[PDB]
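One chain is shown next in structure tokens, namely the form deposited in one PDB entry.
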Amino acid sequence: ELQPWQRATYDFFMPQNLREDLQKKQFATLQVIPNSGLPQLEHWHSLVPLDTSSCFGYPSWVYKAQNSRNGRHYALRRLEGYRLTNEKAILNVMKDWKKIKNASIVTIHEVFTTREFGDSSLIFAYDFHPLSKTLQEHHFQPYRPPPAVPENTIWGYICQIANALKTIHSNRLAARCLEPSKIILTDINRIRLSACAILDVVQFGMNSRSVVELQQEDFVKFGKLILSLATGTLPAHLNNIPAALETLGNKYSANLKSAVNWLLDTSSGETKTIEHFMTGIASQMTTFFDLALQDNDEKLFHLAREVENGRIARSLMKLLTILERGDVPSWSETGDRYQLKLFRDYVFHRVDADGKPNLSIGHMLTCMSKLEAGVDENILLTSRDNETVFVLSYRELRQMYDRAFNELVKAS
């Protein structure tokens, strides 16, 4: 119902949905409990529980916490009743996984034991991702049955996981946990492995399998995860792999069936490598490279507009500081400042032909932007009396505006 040249007030600002998502996540990050019984660890405080209600060998809790050195928020995963018996279990694993930096893996910053919860506990410190939900929560939570995962979403998942496995396997490690419950949606279609270091520590020195063997099992788990998502059945419920594969074959492309089958197939004589798997999904990967860049551009668009809102804001403050001071005498009403007052009237005190005041936010933002830029465009400022008129460029105005402000700075 709006002409292409005309904008509603809020079109000049960040769209409501994005604004609300950011605000909610800001709120989730800043949430605290002033007097919980929960302890402060030496470098961690303001612990906040996240558990609404498996992969590890211990009962586990997750807390949002704030680091005392840098003031940032991290997610602390606690394993209850873990006893330190070999420090290498903690130290070697921490050394290895601290190297790992990957967009599809929740970063591990620290692994440490503590008695501060009143038991022996093992703590893993992670990047905090506000308002995250697991793939299990998102796809398998009943009521009504959960809807069919679109094939495109699945290839998006496959590519992000392949990205994780590429980095994990190259560092001679294995992503050991690939359950829906230990993969988190940190944003729309954006998934991250969230429990990576943990299995390495708990099974340290008890596991007899080689690195390569654990890596082979990663592919099988990868396949079962996709199979769970395709057919809507929990991994625990996946009793019949072939029956699940056929369901997938009916609902999805042959290309997907082939990918899942390669991942499940332990019968070939061939050592499976993430390199070979990537080779088989190059086209999908290219598509998602493109979409990532497009999403970058979208975020950059909004970022550029809000940074400019900030610059405008600081400029409006400078304006208010300069105009109508109680004051040399009359400094505000004389010389450079006089034009600035007339400029303010031009920007903010517009009126229709009918004399009705005009409140178009678009005019105000643009004018302040042009002033900041010192544009070579002329405008017509009229005296309050209405007898006299002045024609100035924004460039000229900026010179005046800067001079007026620098005078105040000098006065110090």
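Rigid core (definition): largest C-alpha set, two forms, superposition within 1.5 Å. Start at 1 and count along the sequence shown; that's the residue number.
Keep in mind that the form deposited in another entry is missing from the display, and what follows is about it.
In a superposition on the rigid core, which residue from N378, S383, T366, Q26 has a CA displacement reaching 2 Å or more between the shown form and the other one? Flagged residue: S383.
Shorter or longer C-alpha distance for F13 and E298 in the other form, given it differs from this form by 3 Å or more? Relative to this form, closer in the other form.
Quick one: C367 and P15 C-alpha atoms, closer or farther in the other form compared with this form (3 angstroms or more)? Pair moves farther apart in the other form.
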